[PDB]
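Two forms, one chain: they're shown below as structure tokens, one block per form, named structure 1 and structure 2.
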Structure 1
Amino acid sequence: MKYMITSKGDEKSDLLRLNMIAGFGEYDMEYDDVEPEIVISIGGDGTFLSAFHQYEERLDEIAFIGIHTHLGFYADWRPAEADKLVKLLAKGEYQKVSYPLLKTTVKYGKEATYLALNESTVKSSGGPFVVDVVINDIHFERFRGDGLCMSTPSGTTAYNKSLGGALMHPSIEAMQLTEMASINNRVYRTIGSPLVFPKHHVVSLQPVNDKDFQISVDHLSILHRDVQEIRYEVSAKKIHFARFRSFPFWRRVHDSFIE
């Protein structure tokens, strides 16, 4: 199959990448980063995320694989087992599995769109952060506090977890909204609890006074001036992993957080 490899940039990753390419050359396997069928990410969850954002238009289409070295949540392979992976990919014993993604829409006074693998957060630019939270066109709460976080199911182990969020198995078709430091008084009454929305539900953040926000999708923070609305829904797009065995998710959670 057509394949390509990204590496973190350090010595180890770059060497692994050249060795794996050399090993694929022995097989009916062509390198191609324009239209790849498999993407292999070497380094860690940062280089994986970068690869995901490199190929947002071809997600349909691509099966991702991660290598690195505490595996975390976007890898099931270590450098000392890469040769075994070349062979198994080789021909061809997997195993496609898909995780839900998150779509963010920002409207002004031209609409901008973003796909997240982990989460999207909103904060104030200037002073107070105050926002009306509208669910399916119906007002839910007037939030005042630090910010809000909408997470994918795979994203729930990251920022979402710090904020009091539920940890969700990544197969579940949903997105999850957590508060950052809500005032929660009688003027700005909020739910407190993390909220989990199914497919087709849209959450809308509507400014009450100040219309400037810091929005950050996965890695990247952007300042948005004169925002009329921010919209959240489960994306139509999914991310696909090439799986060679059942991904032991709850075991990873144990190994990461428990220990």
Structure 2
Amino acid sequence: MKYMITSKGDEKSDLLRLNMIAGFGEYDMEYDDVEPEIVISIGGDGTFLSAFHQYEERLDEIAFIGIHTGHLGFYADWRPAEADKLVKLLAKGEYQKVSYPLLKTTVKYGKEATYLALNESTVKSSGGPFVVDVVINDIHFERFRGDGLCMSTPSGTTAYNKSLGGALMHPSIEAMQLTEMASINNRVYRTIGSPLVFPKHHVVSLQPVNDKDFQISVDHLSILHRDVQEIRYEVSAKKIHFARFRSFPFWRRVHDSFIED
């Protein structure tokens, strides 16, 4: 069907893309980067994250595939030498799709702006002190003082979340996970410390105490927001879909990336 291919842009990835397009030319496959049904990302996890954000308005009619030309690749779990086999299997269809949960971030002012994250959304101050009230389903939970906060999807838990001490969650769990960045805890200031895991339909609201300017990141797109009244997190209703051609379990992916390969 309709497909497109993004590339990290180095020689290796560009030529792989050109060879895959040539192999696709031998089947009933049309290159269309406006309304593809298949998005192939060639590069690393950064390249894959860009492909997701490029098509985040047609997530429900798209299956993603990642090919890793360098190292790691939690999302890009295909090797370049298997590109010919991928073309052939993907051309013949008959593949199953798997779906990972997404995170919805809403930023209110004094209008509304919403974002979708595949890894995480983080909040930090505008250079001054970061102080926010953390409100869980309209219940004031804690006043956070520190460097910032990170809300991760399940597939994002192996990324920034992991570096902050968070737990690794299997992506079949529809949840989001909040981790602290360097909170103050003395006799006067008090946070929970532990990462927090939230189910679907729970809403986590960050509300400013004094300064209302914040740096908000969504999958490493980092934007300064001014005059912020509230930042709201919830598990999205939308999901990302992966074309899956082989069994490559999440815990094996974890083993391969952090333990050994």
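We call the rigid core the largest set of C-alpha positions that still match within 1.5 Å between the two forms. Numbering runs along the sequence of structure 1, starting at 1. Shifts are known only where both forms have a C-alpha.
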Worksheet item: Superposing on the rigid core, is the CA of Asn136 displaced by 2 Å or more between the two structures?
Response: no
Item to complete: Establish whether a shift of 2 Å or more occurs at the C-alpha of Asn184 between the two structures, with the two forms superposed on the rigid core.
Response: yes
Worksheet entry | Core-aligned Cα shift of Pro248 between the two structures, given in Å | 2.2
Worksheet item: What Cα shift, in Å, does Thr152 show between the two structures once the core is superposed?
Response: 0.3
Practice prompt. Superpose on the core, then tell me which runs of at least 3 consecutive residues have all their CA atoms shifted by 2 Å or more between the two structures.
Written response: 70-72, 184-188, 246-248
